[PDB]
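Read-outs: derived from the displayed coordinates by stated rules, not from any lab. When we count neighbours, we look across all protein chains shown, and the Cβ atoms used for this are built from the backbone with ideal geometry, even at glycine.
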Number of protein chains: 2
Amino acid sequence: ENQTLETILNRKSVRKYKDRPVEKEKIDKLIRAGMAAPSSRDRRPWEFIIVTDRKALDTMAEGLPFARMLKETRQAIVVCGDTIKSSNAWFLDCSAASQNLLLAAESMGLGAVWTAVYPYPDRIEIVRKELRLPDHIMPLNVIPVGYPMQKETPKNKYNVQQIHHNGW
Amino acid sequence: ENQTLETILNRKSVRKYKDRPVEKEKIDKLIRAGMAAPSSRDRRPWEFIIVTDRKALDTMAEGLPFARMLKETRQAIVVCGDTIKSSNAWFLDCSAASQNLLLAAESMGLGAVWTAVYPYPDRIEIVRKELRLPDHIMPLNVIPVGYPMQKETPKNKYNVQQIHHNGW
Ligand SMILES: Cc1cc2nc3c(=O)[nH]c(=O)nc-3n(C[C@H](O)[C@H](O)[C@H](O)COP(=O)(O)O)c2cc1C
Ligand SMILES: Cc1cc2nc3c(=O)[nH]c(=O)nc-3n(C[C@H](O)[C@H](O)[C@H](O)COP(=O)(O)O)c2cc1C
Ligand SMILES: [Cl-]
């Protein structure tokens, strides 16, 4: 039995949460998981914003068409990249960090969903505004987290036709 | 005890391998792990090239910087994205897929490393011409896989200065 592989295969996007907040110890483990990502030339260009402010969460919800569930959580994490530290890899490093965070969540009985910010200038504008992100800090995503309100089922995405040998 | 977190925190880039091939069933599980990634609009734009041809591995080892370990493995997995399927987010989706693949490797006692291809045009061209990739298919990386030659140490990347509360 491989519990890591099981978490990987059972992870799903969770968009509905119980009312209760997530414990600070669990939030910190989510962050620590993200920071364990690999990183081009080990620059470590990620920055994590833990957002619990009701007004900010609601304002972002009301400006992000595919992130309306921000109104229905008490906490979200915004993964950002520092474009001075890694102008050609922050979006790769931070995507790997994001995936660690989502797996960490699944592993601790939490629900989470990756909602895009970058590369959409309208989404970037509101997130940068509400969180006072400096010009060299680019928000990749908003990740609401919470205890799942119901049983959710993973997608089975295996497709042998997306496997190739020695060339296309 | 959280085995998934344990794997996340103990993953490291492994660049030195036992001179022996990896079981096909393990390679398949790597790819299944990759395919389980989240995907913008569920467009699943990933394509995986399993590379066992010696000349292909050696040619990429020669042409790519920081890719010398390709000479020392029997097999590598090249993660690619279909830009017609996901023109704005393929490389984000494919980075999440890549991180699943790396974690899967670590969980099965294998060693792996992300070697950079995207976003460097000269690197992209090497991989494209070696693997006969159609123009709408972009190579993200090359991931050599093997049994680790030696015990390797993970990095502790935790830094509280990269954690922010309610904004920058
Ligand atoms: C986007 C990206 C590009 C990378 N490029 C290379 C590469 O070309 N060659 C290599 O040996 N390692 C490469 N790495 C691995 C990093 O050097 C490594 O993740 C970093 O040193 C942190 O070490 P760790 O993976 O052991 O935690 C890359 C990693 C990422 C995420
Ligand atoms: C780059 C990226 C952007 C995404 N953007 C959003 C988004 O804006 N809103 C949302 O509800 N889900 C978003 N998703 C979640 C996807 O819809 C989801 O991963 C996909 O439907 C597959 O489902 P699964 O995560 O349950 O396997 C995003 C995922 C990725 C990887
Ligand atoms: Cl075999």
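Taking A:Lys24 as the residue in question, decide whether it is of a type in the set (D, E, K, R) and either more than 11 Å from chain B (Cβ to nearest Cβ) or touching a strand residue (DSSP E or B) at 6+ places or on another chain (Cβ under 8 Å) (or both).
Judged against the criteria, A:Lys24 is not a match.
Could you tell me whether any residue of segment B:78-85 is under 22 Å from A:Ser39 (Cβ atoms), more than 10 Å from chain A (Cβ to nearest Cβ) and either in a helix (DSSP H, G or I) or out of contact with any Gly (no Cβ under 8 Å at 6 or more places or on another chain) (or both)?
Yes: one or more hits.
When you check B:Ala89 against the structure, is it closer than 28 Å to A:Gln75 by Cβ and within 13 Å of ligand 1 (Cβ to nearest atom), yes or no?
In short, no.
Could you list, in sequence order, all residues of segment B:38-67 that are surrounded by fewer than 16 Cβ atoms within 10 Å (Cβ to Cβ) and within 16 Å of ligand 2 (Cβ to nearest atom)?
B:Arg41, B:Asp42
Which residues, taken from segment B:34-63, are under 16 Å from B:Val145 (Cβ atoms) and part of a loop (DSSP other than H, G, I, E, B)?
B:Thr52, B:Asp53
Has segment B:107-122 got at least one residue that is free of Cβ contacts under 8 Å to residues at least 40 places away in the same chain and under 27 Å from B:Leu9 (Cβ atoms)?
Yes, segment B:107-122 has at least one match.
B:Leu103 versus (1) surrounded by fewer than 24 Cβ atoms within 10 Å (Cβ to Cβ); (2) in contact with a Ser or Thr (Cβ under 7 Å, 6 or more places away or on another chain); (3) part of a helix (DSSP H, G or I): which is the lone unmet condition?
The one condition B:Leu103 does not meet is (1).
Considering only residues that are away from ligand 1 (no atom under 16 Å from the Cβ) and either free of Cβ contacts under 8 Å to residues at least 24 places away in the same chain or within 21 Å of B:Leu140 (Cβ to Cβ) (or both), which ones fall in segment B:6-25?
Scanning segment B:6-25 gives B:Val22, B:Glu23, B:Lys24, B:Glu25.
With under 13 Å from the mean Cα position of the chain (by Cα) and among the hydrophobic types (A, V, I, L, M, F, W, C) as the only criterion, which of A:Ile31, A:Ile84 stands out?
Every option except A:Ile31 fails the conditions.
Pull up segment B:145-168, narrow it to residues that are closer than 18 Å to B:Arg11 by Cβ, of a type outside the set (D, E, K, R) and within 14 Å of chain A (Cβ to nearest Cβ), then point me to the one that is farthest from ligand 2 (Cβ to nearest atom).
Within segment B:145-168, the match that is farthest from ligand 2 (Cβ to nearest atom) is B:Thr153.
Out of the residues in segment A:86-111 that are of a type in the set (S, T, N, Q) and within 10 Å of ligand 2 (Cβ to nearest atom), which is farthest from the other protein chains (Cβ to nearest Cβ)?
Top of the filtered list is A:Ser98.
State which residue is farthest from B:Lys129 (Cα to Cα) when the search covers only segment B:27-58 and only residues that are more than 8 Å from every other protein chain (Cβ to nearest Cβ) and within 16 Å of ligand 1 (Cβ to nearest atom).
Of everything passing the filter in segment B:27-58, B:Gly34 is farthest from B:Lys129 (Cα to Cα).
So which residues in segment A:112-144 are more than 9 Å from chain B (Cβ to nearest Cβ) and either small (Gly, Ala, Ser) or within 16 Å of ligand 3 (Cβ to nearest atom) (or both), if there are any at all?
Of everything in segment A:112-144, just one residue is more than 9 Å from chain B (Cβ to nearest Cβ) and either small (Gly, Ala, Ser) or within 16 Å of ligand 3 (Cβ to nearest atom) (or both), namely A:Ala112.
Yes/no per residue for (1) in contact with a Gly (Cβ under 7 Å, 6 or more places away or on another chain); (2) more than 16 Å from ligand 3 (Cβ to nearest atom); (3) touching a residue at least 60 places away in the same chain (Cβ under 8 Å):
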| position | (1), (2), (3) |
| --- | --- |
| B:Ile27 | no, no, yes |
| B:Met35 | no, yes, yes |
| B:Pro38 | no, yes, no |
| B:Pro45 | yes, yes, no |
| B:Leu70 | no, yes, yes |
| B:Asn100 | yes, yes, yes |
